[PDB]
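Pasting my_file-v1.cif here (mmCIF, C-alpha atoms (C1' of nucleotides)):
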```cif
data_final
loop_
_atom_site.label_atom_id
_atom_site.label_comp_id
_atom_site.auth_asym_id
_atom_site.auth_seq_id
_atom_site.Cartn_x
_atom_site.Cartn_y
_atom_site.Cartn_z
CA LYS A 120 205.75 -39.21 71.79
CA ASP A 121 203.22 -36.38 71.67
CA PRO A 122 203.71 -32.60 71.34
CA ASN A 123 201.90 -31.90 74.62
CA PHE A 124 200.21 -33.86 77.41
CA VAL A 125 198.55 -30.83 79.05
CA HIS A 126 195.94 -30.18 76.35
CA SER A 127 193.16 -27.94 77.68
CA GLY A 128 189.57 -27.57 76.56
CA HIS A 129 188.51 -24.61 74.43
CA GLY A 130 184.88 -24.50 75.57
CA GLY A 131 183.68 -28.08 75.33
CA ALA A 132 180.70 -29.78 76.94
CA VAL A 133 182.56 -31.62 79.72
CA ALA A 134 180.85 -29.50 82.38
CA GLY A 135 177.52 -28.68 80.74
CA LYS A 136 175.14 -30.65 78.53
CA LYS A 137 175.81 -28.77 75.28
CA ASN A 138 177.39 -30.11 72.08
CA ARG A 139 180.61 -31.95 72.90
CA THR A 140 182.46 -30.85 69.76
CA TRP A 141 181.73 -27.11 69.50
CA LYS A 142 178.96 -24.62 68.84
CA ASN A 143 176.90 -25.09 65.70
CA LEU A 144 177.83 -23.12 62.59
CA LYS A 145 174.47 -21.33 62.70
CA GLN A 146 175.16 -20.41 66.33
CA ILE A 147 178.69 -19.34 65.39
CA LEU A 148 177.39 -16.94 62.73
CA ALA A 149 174.62 -15.72 65.04
CA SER A 150 177.23 -14.84 67.67
CA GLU A 151 179.55 -13.26 65.09
CA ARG A 152 176.70 -11.05 63.85
CA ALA A 153 176.75 -9.28 67.24
CA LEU A 154 180.13 -7.73 66.40
CA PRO A 155 179.91 -3.98 65.60
CA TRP A 156 180.82 -4.45 61.95
CA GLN A 157 181.33 -1.21 60.05
CA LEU A 158 178.99 -0.30 57.20
CA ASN A 159 181.65 -1.12 54.58
CA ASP A 160 183.39 -3.79 56.66
CA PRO A 161 183.60 -7.24 55.02
CA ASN A 162 182.19 -10.27 56.83
CA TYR A 163 180.88 -13.79 56.21
CA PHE A 164 177.36 -12.46 55.52
"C1'" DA B 1 99.93 -95.62 65.93
"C1'" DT B 2 103.46 -97.65 65.41
"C1'" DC B 3 108.72 -100.37 63.51
"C1'" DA B 4 113.49 -99.80 60.66
"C1'" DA B 5 117.82 -96.55 60.11
"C1'" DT B 6 120.47 -92.96 61.90
"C1'" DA B 7 122.32 -90.07 65.12
"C1'" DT B 8 123.62 -89.09 69.77
"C1'" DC B 9 124.98 -90.04 74.45
"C1'" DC B 10 127.34 -92.78 77.85
"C1'" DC B 11 131.26 -95.31 79.50
"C1'" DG B 12 135.96 -97.33 79.47
"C1'" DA B 13 140.92 -97.34 78.17
"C1'" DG B 14 145.64 -95.63 76.24
"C1'" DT B 15 147.86 -91.12 76.10
"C1'" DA B 16 149.93 -86.54 76.50
"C1'" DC B 17 150.93 -81.79 76.74
"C1'" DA B 18 149.77 -78.06 79.94
"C1'" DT B 19 148.77 -76.85 84.78
"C1'" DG B 20 150.52 -75.88 89.21
"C1'" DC B 21 154.29 -75.60 92.47
"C1'" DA B 22 159.23 -74.76 94.15
"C1'" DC B 23 163.70 -72.01 93.38
"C1'" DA B 24 166.93 -67.87 92.70
"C1'" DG B 25 166.79 -63.04 92.57
"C1'" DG B 26 166.05 -58.24 91.56
"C1'" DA B 27 163.81 -54.31 91.29
"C1'" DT B 28 159.93 -52.13 92.78
"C1'" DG B 29 156.80 -51.54 97.15
"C1'" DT B 30 157.68 -49.70 101.88
"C1'" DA B 31 159.06 -46.80 106.10
"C1'" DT B 32 160.90 -42.07 107.58
"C1'" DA B 33 161.20 -37.17 107.20
"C1'" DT B 34 160.56 -32.51 104.82
"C1'" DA B 35 158.37 -28.93 102.23
"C1'" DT B 36 153.95 -26.56 100.81
"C1'" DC B 37 150.28 -25.40 98.49
"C1'" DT B 38 145.53 -27.33 97.31
"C1'" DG B 39 141.34 -27.59 99.24
"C1'" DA B 40 138.08 -27.48 103.71
"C1'" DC B 41 135.70 -23.91 106.07
"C1'" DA B 42 133.41 -19.29 106.76
"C1'" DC B 43 131.52 -15.12 104.98
"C1'" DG B 44 128.77 -12.06 102.24
"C1'" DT B 45 126.13 -11.46 98.07
"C1'" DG B 46 122.80 -10.97 94.43
"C1'" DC B 47 121.43 -13.80 90.60
"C1'" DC B 48 117.44 -16.33 89.58
"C1'" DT B 49 114.56 -20.09 90.21
"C1'" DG B 50 110.14 -21.01 92.27
"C1'" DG B 51 105.17 -19.38 93.47
"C1'" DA B 52 100.59 -17.00 92.11
"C1'" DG B 53 97.57 -13.86 89.71
"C1'" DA B 54 94.63 -12.62 85.38
"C1'" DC B 55 93.69 -12.76 80.39
"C1'" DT B 56 94.01 -14.69 75.57
"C1'" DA B 57 93.39 -18.51 72.38
"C1'" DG B 58 95.94 -22.18 70.22
"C1'" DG B 59 95.52 -26.60 71.08
"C1'" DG B 60 93.68 -30.82 72.91
"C1'" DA B 61 89.59 -34.12 73.98
"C1'" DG B 62 85.18 -36.05 72.33
"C1'" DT B 63 82.05 -37.60 68.65
"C1'" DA B 64 80.50 -39.41 64.11
"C1'" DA B 65 80.70 -40.97 59.27
"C1'" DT B 66 83.57 -44.01 56.36
"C1'" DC B 67 86.55 -45.62 52.86
"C1'" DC B 68 91.04 -48.17 53.18
"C1'" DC B 69 94.54 -50.76 54.40
"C1'" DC B 70 95.15 -55.17 57.07
"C1'" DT B 71 94.73 -59.95 57.28
"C1'" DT B 72 93.22 -64.53 56.19
"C1'" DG B 73 92.85 -68.01 52.82
"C1'" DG B 74 94.10 -70.45 48.42
"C1'" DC B 75 97.04 -71.89 44.50
"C1'" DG B 76 101.09 -72.19 40.97
"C1'" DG B 77 105.86 -72.18 40.20
"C1'" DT B 78 110.45 -72.88 41.86
"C1'" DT B 79 114.28 -72.06 44.44
"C1'" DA B 80 117.01 -74.82 48.14
"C1'" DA B 81 117.71 -78.88 50.83
"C1'" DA B 82 119.31 -83.75 51.48
"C1'" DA B 83 122.28 -87.20 49.90
"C1'" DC B 84 125.12 -89.48 46.40
"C1'" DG B 85 129.97 -89.60 43.92
"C1'" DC B 86 134.18 -86.94 42.23
"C1'" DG B 87 138.11 -83.97 42.99
"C1'" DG B 88 141.34 -80.63 44.80
"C1'" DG B 89 143.44 -77.93 48.25
"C1'" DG B 90 143.63 -77.32 53.51
"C1'" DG B 91 146.33 -79.47 56.93
"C1'" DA B 92 150.56 -81.36 59.43
"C1'" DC B 93 156.29 -81.24 59.94
"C1'" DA B 94 161.91 -79.17 59.17
"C1'" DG B 95 165.66 -74.85 57.64
"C1'" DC B 96 166.83 -69.69 57.08
"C1'" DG B 97 167.30 -64.97 58.36
"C1'" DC B 98 165.56 -60.82 59.03
"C1'" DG B 99 163.20 -58.52 61.75
"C1'" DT B 100 162.55 -56.98 66.90
"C1'" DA B 101 164.28 -55.77 71.71
"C1'" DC B 102 168.36 -54.48 74.90
"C1'" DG B 103 172.58 -51.90 75.52
"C1'" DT B 104 175.34 -47.58 75.21
"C1'" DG B 105 176.31 -42.87 74.32
"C1'" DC B 106 174.93 -37.93 73.02
"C1'" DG B 107 172.43 -33.41 72.46
"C1'" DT B 108 168.62 -31.39 71.21
"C1'" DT B 109 164.39 -29.78 73.37
"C1'" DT B 110 160.49 -28.60 76.87
"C1'" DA B 111 159.69 -26.97 81.83
"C1'" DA B 112 160.35 -23.54 84.81
"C1'" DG B 113 160.80 -18.75 86.29
"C1'" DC B 114 160.07 -13.48 85.70
"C1'" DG B 115 158.99 -9.13 83.67
"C1'" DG B 116 156.45 -6.97 79.57
"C1'" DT B 117 152.20 -5.75 77.30
"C1'" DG B 118 148.93 -6.09 73.65
"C1'" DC B 119 144.33 -8.61 74.14
"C1'" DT B 120 140.31 -10.83 74.55
"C1'" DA B 121 135.40 -9.69 77.62
"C1'" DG B 122 131.55 -7.37 79.74
"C1'" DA B 123 128.56 -4.20 80.53
"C1'" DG B 124 127.97 0.22 78.81
"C1'" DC B 125 124.08 2.29 76.34
"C1'" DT B 126 125.39 2.43 70.94
"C1'" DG B 127 122.38 2.50 66.66
"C1'" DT B 128 121.00 0.29 62.71
"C1'" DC B 129 118.36 -3.14 60.20
"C1'" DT B 130 117.69 -8.00 58.94
"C1'" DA B 131 113.85 -10.92 59.74
"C1'" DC B 132 109.90 -12.23 61.80
"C1'" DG B 133 104.35 -11.10 61.36
"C1'" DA B 134 100.47 -9.42 58.30
"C1'" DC B 135 98.43 -8.55 53.96
"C1'" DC B 136 97.81 -9.27 48.72
"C1'" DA B 137 98.28 -10.09 44.13
"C1'" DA B 138 100.81 -13.76 40.54
"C1'" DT B 139 100.36 -18.89 38.27
"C1'" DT B 140 98.98 -23.83 38.52
"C1'" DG B 141 95.66 -27.22 38.52
"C1'" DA B 142 91.32 -29.92 38.65
"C1'" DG B 143 86.26 -30.12 38.53
"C1'" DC B 144 82.71 -28.69 35.30
"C1'" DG B 145 79.89 -27.17 31.09
"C1'" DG B 146 78.22 -26.66 25.60
"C1'" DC B 147 78.25 -28.37 21.45
"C1'" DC B 148 79.18 -31.49 17.59
"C1'" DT B 149 79.81 -36.05 15.39
"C1'" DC B 150 79.24 -41.02 15.22
"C1'" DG B 151 76.70 -45.22 15.74
"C1'" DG B 152 72.70 -48.42 16.82
"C1'" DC B 153 67.58 -49.49 16.52
"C1'" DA B 154 62.72 -48.91 14.91
"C1'" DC B 155 59.82 -47.56 10.77
"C1'" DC B 156 58.52 -47.65 6.00
"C1'" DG B 157 59.54 -49.19 0.97
"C1'" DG B 158 60.05 -52.82 -2.93
#
```
Would you mind writing the file's structure down as structure tokens?
Amino acid sequence: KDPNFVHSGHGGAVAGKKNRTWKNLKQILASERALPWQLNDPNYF
DNA sequence: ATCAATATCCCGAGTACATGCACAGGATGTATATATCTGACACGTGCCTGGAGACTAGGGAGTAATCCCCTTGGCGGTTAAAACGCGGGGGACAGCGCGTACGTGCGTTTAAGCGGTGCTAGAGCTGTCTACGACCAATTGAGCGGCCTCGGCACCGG
């Protein structure tokens, strides 16, 4: 009745006390900024 | 130096809502054991508070003259009090509903720990240099003086 019954978490807050859904968008962009983007490389910034 | 007219207190009776006690229970006070650092105790230290001396003089203690504010007494005008009647709004009972407190679930946010390092503090002697003492020349103001003009009374004229 469902595609899968063995669905696994992708970094939720079941263990810790962080946000249950996912990281905040500001945090997502802050983490993505750490990538060694090239000088002419496109990004979300 | 008393008697009427009120007002108040005392006592008795019908009455009722709030005090005081028992019940079920639940959640906070208690007993036991562990970790640990805050504060008692000792030590030296050196800042500074307490004691006395002598000299200067600003300030206080004592006296005398006196004009002024304080206080008592007296009187006129009136603003409030006491009590009457008139009039309105405070006061005593039922129906809604929207606020306030629990209950439940979530995540953002401060505490804690550990290096890192400019950063506020203290004594250093630093040097300027405003600001406290002393002297001196500006205006402001009141207490006086000189002189002139006006007005009332005594003397002579008709």
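The gap separating atom CA of residue A:145 from atom CA of residue A:159 is 22.9 Å, in Å to one decimal.
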Pull out every residue of chain B sitting within 10 Å of chain A, counting only C-alpha atoms (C1' of nucleotides), and send them as an NGL selection string. :B and (106-108)
At what distance in Å, to one decimal, does atom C1' of residue B:104 lie from atom CA of residue A:135?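 According to the coordinates, atom CA of residue A:135 and atom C1' of residue B:104 are separated by 19.8 Å.
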Atom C1' of residue B:5 to atom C1' of residue B:84 measures 17.1 Å
